[PDB]
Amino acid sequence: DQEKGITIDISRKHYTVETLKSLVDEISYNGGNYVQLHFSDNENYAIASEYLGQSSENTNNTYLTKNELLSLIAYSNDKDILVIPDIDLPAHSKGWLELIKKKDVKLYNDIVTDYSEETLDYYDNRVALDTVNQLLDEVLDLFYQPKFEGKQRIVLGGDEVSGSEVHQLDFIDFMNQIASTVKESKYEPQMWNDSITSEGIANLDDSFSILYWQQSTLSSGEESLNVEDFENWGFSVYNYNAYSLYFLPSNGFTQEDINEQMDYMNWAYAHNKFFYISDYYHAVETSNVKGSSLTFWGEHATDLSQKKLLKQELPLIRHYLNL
């Protein structure tokens, strides 16, 4: 059994709870297993947080209200859909850091890297970890789903982490700490593949499953880890193929563009065809593949209405889930 999931960037692009409910409808209709809610990135933190000071119980253009989010999860669970929270650490973090800035400038200066406003100081900084751990406790609580007790998961990010190649062991140790927090609440931790190196893989908690989206190149020009490599060190992977399984909804796109996307997916997509440097659709023969996901990234969706978002996403969801 392979899982199939949809991942929705609700950070770079605002989504009503109704749009998300209709998306989950389509996921359930076609026998999908999960939806991944990428709600924290540089542009915005798009759910409600006591801890960060997003409390309004009223609908708004910034974040899902607590009850909105909780309604969405209850809805998804009723359709046998697991909701997987996705909070991006330690980079892609400007959104909630700006919230910490406004809440407590002193704490902000104690946890932000000296060089990036998007990156939390993962370089062995205790107060950075403590802040994150509190934010994670709130998030683990919000996404509690008793129907999926003992199968819940959370994406902790780990993608595009500046400094992580050179300072690999600090990256890994940080990822292990936040892994530890979430295992405390019985979730399985997950992260993107891209910032983990040969140096780091031996120290990484193998409780992590990996979201394999694109094989990285080291600064030497050498090839970074592939799925076999991850298999060799005990890591399960999921195919998030950056070509076949990524799509950026855009105002410019018509019906014919969506038709072309579906014709492309017909040949480009398979459950086990990952994006390797050499072959963008590389068939892999390992035993560590657990599923796949189509992902809607939000950063081209600037001028899309809720309706036009549905019009683009709904058919791609259906096509992917039936391939």
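Numbers for residues come from their place in the sequence shown, where the first is 1.
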(request) Please work out which of 104 to 112 and 211 to 219 has the higher mean CA B-factor as recorded in the PDB entry. (result) 104 to 112
(message) When the Cα temperature factors in the entry are averaged, is it 236 to 244 or 143 to 151 that ends up higher?
(response) 143 to 151
(message) So if I compare the CA B-factors in the entry for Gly158, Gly95, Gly200, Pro189, which one is the largest?
(response) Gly95
(request) Would you mind checking which of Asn193, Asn125, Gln134, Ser164 has the top Cα temperature factor in the PDB entry? (result) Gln134
(message) Where does the C-alpha B-factor of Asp86 rank in its chain, lowest, middle or highest third?
(response) lowest
(message) Where does the C-alpha B-factor of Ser71 rank in its chain, lowest, middle or highest third?
(response) highest
(request) Please place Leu23 in the lowest, middle or highest third of its chain by C-alpha B factor as given in the entry. (result) lowest
(request) Sorting the chain's modelled residues by C-alpha B-factor, tell me whether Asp229 ends up in the lowest, middle or highest third. (result) middle
(message) Using only modelled residues of the chain, where does the Cα B factor of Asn251 rank: lowest third, middle third or highest third?
(response) highest
